[PDB]
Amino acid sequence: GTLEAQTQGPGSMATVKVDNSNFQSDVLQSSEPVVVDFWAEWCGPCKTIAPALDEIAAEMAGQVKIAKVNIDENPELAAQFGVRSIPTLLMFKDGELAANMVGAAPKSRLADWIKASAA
């Protein structure tokens, strides 16, 4: 036979990449609140917040998970969750859609929104 990779491969070890294979297990069934960042390679504003989201994910380890959904790869998932422009972040808590925000923002504002949304 053959061995299994232990990670999702090169890419952020702070955030989790989500598609249809793990949206239920890693987002909807998560014990911690989960922020889902809907992004695409062509979204310049999304790129300007991606490092802040990695930092928040590392700092909030065990408290709030940060997931990444590429909308070009998961367009129906994005559409079903009402994502009609990016950047968009959604927070899920206990399988419920708790909050959203649109547009880029500095780390401080992202973190404030996460904390308020998870309250």
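A residue's number is simply how far along the shown sequence it sits, counting from 1.
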Inset, instruction - Higher average CA B factor in the deposited record is what I'm after, so tell me if that's 76 to 84 or 47 to 55. - result: 76 to 84
Legend entry - Mean temperature factor over C-alpha atoms, higher-scoring stretch between 67 to 75 and 28 to 36: 28 to 36
Legend entry - Ranked C-alpha temperature factor of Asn22 among modelled chain residues, by third: highest
Legend entry - Third of chain Cα B-factors occupied by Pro106: lowest
